[PDB]
């Protein structure tokens, strides 16, 4: 059985997610339009920048995240942002289409679209294999939200100072996830480990994305298409 405090963490994490993920995607029409040279860089840059703002909002509602120092909050966000985005993107991913479908056909992104934004198959191949395998996990909403929160509260990121506090936050969330799966997820004896595995894949996806981001950011004709928030969060400055 789950404790009162464990389920509260669940509630406040589900709420935080529902506040920061708009299943209507009606905000996308505000981005620079897609073009299908790097024709998709403007739109996808806006897609990513928008998503960073959502991830910061989710983070701010994780229990304890706001009590960290701002430095740790920034450190945790600069290192984990691209991972939370890949995780949260599973909600629009479709096995049918092997793509991310966000309402209309102009907001459907396949692999070929993402290449027109400066990323290669050495990133897109493992990413799409990650998305299908994660989609197959058939995660409950409670589990999806816990994994995002656990990924964000990882103490083994470059730059975190108060390691001990962050590890403890993350430990609590894991205990909540282990208990939740046990009590509430039938046939989920091996699910916790499969989820922890996905965190490991995320780190490899992160590295590859960072590699390719650098070549984008070192070319001013491309980096100028990015947003101020993207350049700051993915930039290599330290506090």
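Residue numbers count along the first chain shown, from 1. Under this definition, the rigid core comprises the largest set of C-alpha atoms superposing within 1.5 Å between the forms.
Engineer: So, in 9 other deposited structures of this protein, taking the root mean square over structures and residues of the Cα distances after a rigid core fit: is 178-186 or 56-64 the more displaced stretch?
Structural biologist: It is 178-186 that deviates more in 9 other deposited structures of this protein.
Engineer: Count, per the entry, the deposited residues between residue 36 and residue 37 that are not modelled, and return the matching class: none, 1 to 3, 4 to 9, or 10 or more.
Structural biologist: Gap size class: 10 or more residues without coordinates, per the record.
Engineer: Would you determine, from the values in the PDB entry, which of 227-235 and 19-27 has the greater average C-alpha temperature factor?
Structural biologist: That would be 19-27.
Engineer: Compare the mean C-alpha B-factor of 82-90 with that of 111-119 as given in the PDB entry, and name the stretch with the higher value.
Structural biologist: Taking the mean C-alpha B-factor of 82-90 and of 111-119, the larger value falls to 111-119.
Engineer: Lowest, middle or highest third: where is residue 191 by Cα B-factor in its chain?
Structural biologist: Highest third.
Engineer: Quick check for you: using the entry's CA B-factors within this chain, is residue 197 in the lowest, middle or highest third?
Structural biologist: Top third by C-alpha B-factor.
Engineer: Quick one: classify residue 203 as lowest, middle or highest third of the chain based on its Cα B-factor.
Structural biologist: Its C-alpha B-factor belongs to the middle third of this chain's values.
Engineer: Looking at the entry's B-factor column for C-alpha atoms only, identify whether residue 68 ranks in the lowest, middle or highest third of its chain.
Structural biologist: Its C-alpha B-factor, which the entry lists for residue 68, ranks in the highest third among residues of this chain.
Engineer: Lowest, middle or highest third: where is residue 49 by Cα B-factor in its chain?
Structural biologist: Its C-alpha B-factor belongs to the lowest third of this chain's values.
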